[PDB]
Structure formats: C-alpha cells, structure tokens
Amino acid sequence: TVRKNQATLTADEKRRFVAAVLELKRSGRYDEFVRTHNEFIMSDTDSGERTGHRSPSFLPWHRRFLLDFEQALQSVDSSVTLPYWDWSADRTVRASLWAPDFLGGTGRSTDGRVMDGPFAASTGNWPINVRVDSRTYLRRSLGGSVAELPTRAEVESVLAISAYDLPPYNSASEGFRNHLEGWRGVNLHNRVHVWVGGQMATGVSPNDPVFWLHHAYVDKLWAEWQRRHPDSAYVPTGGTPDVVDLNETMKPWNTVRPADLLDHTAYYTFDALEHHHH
C-alpha cells in the first residue's frame, strides 16, 4: 500500500507491474477503465453537469478511479501498487520510465507507433480497442506538441495557491484545482497529456499505461497541497447545481463522496511526503 516514484522501482517491481497491467488487458477489464474515462471526459462540461474533470471533483474522482484500477491490479498480483511519475524531475525521453523494460519509448515519426516496450503493438499484447479513430496501435510523440514538461518551480507556484477551488467551479476558475488541472496558469496536468501525445492526448488517454503514473503524481501533488495548507479543504460545501459538493456522492460509483477521499492515508501512503513545515 505504498506508492513509489517510478524511477525507484526495482526490476522485479517493474516486471510485476507490467504483467499485472497486461493481464487486466487480456481479460477485458482494462478496456472498460478506458471507456469509463472517455464517457466522463466527453460529458463533463463547463456549463452543465461536471464530475470527472473541469470541476472540483477532478481530484477525488481521479483518486477513486485510480484506486479502482489499483485494486484490479492487486487482484492479479497483490504486491503491485501504482507508481507515480514526477514529470518535473524525469523530464526527458531518456528517463528510465520510457525504457523497453517499463513503458517503452516514443513513437516513430511516420505514424507515431510505439515500437518497443511491453505495450508496443508488435507484441500482440496491447490492442487499442476503445478508440476515437481506426488506429489500433499505441502511439506517442514525447515532447512533440509541447516542448517542455512543467518544472519544479512551476509546480511550487501552484502548490502555493491556498484556495482549493473557486466559483464558477470549472475551467475558468482561479484556485489550486484548476491550476493543477491546467486550464489556467502555467499548466500542469493538461500539458503533460499534451506532451506525451498519442492516445494520452485524447479522451481515451488510459489506453497508455503512463496515464496511471501521471495521475498518481497529480494525486500526490493534491496530498502535498493539503500538507502545505492545513487550513484549506475541498469546496464547494453544499447546494451547488451541476457540481459535486463535499458531502455529495459521485458518479459512477454513487456510494462515495469527495469527503471520503480527502485523506489518502486511508488507502495508501507515499514513499516520501514532506510534513507540514514552515
């Protein structure tokens, strides 16, 4: 129940993570996570109902979505937890992340096809089934559509924002949630999806296993923000149309509230998380 920085995994941990992901794919379970995510990002809208994205519940929703996926991994191999990718530190394509023993590298320039690693189409083990176009192979263009991943300095500017979220609770909002999501400001989470390219830049972005590692680090930054701002908490706290309030339940599960997900330590801890310090 410890989530570790990907750069620190041992060879056995990398191997067991990859095998568990591939078994979820083989059994059909993986693709349904891809489909759930796509349905929410295509339905979440700034002027109407919004739950998974562009809204305060962006963070607890992805927290619970990753917990569902981690629990499915652990049904295959109980030793496996989600690692996280600190893209502020591991910011080039020669990061161990992108090695053939882990996620494989960038796509070739003719068609963006990933040619190595366990998820390359040529293995026969990673068909892209849930898709928005006919291509059935994993694609990436690392650093193609945007030059740079966020820097640590940029991350620290966002962590410094004290308010969790602010009306109108959407992509136009000031505050921590929307700056971490990326629709305003220096842009953290959205820009990483754009930087990877390929399916990671689309609504069917969980087709790339790096999705989980990116969101695991986004989720760790929420935890880091909480420790920086012990006096700040989720908002809104009641009666807001179209938005998940603190004690309201969230689709698709319907049985869990943002309130049940604010404290990650109920479910996992990190290899390292600095204490509230001054």
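A residue's number is simply how far along the shown sequence it sits, counting from 1. Between two forms, the rigid core is defined as the largest C-alpha subset superposing within 1.5 Å.
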- Query: Which stretch is more displaced from the shown form in 9 other deposited structures of this protein, 128 to 136 or 204 to 212, with RMS over structures and residues of Cα positions after a rigid core fit?
  - Reply: 128 to 136
- For the C-alpha atoms alone, is the average B factor greater in 195 to 203 or in 148 to 156, going by the entry? 148 to 156
- Note on the structure: As the entry reports it, the stretch among 122 to 130 and 137 to 145 with higher mean C-alpha B factor is 137 to 145
- Determine which member of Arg50, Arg35, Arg227, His215 has the highest CA B-factor, using the values in the deposited entry. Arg227
- Message: Where does the C-alpha B-factor of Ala19 rank in its chain, lowest, middle or highest third?
- Response: middle
- Taking the values exactly as deposited, rank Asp242 by C-alpha B-factor within its chain and report the matching third: lowest, middle or highest. highest
- Chain-relative CA temperature factor third for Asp86: lowest
- Message: Could you place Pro252 in the lowest, middle or highest third of its chain by Cα temperature factor, using the values in the record?
- Response: highest
- Taking the chain's C-alpha temperature factors as the reference, tell me which third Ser96 falls into: lowest, middle or highest. highest
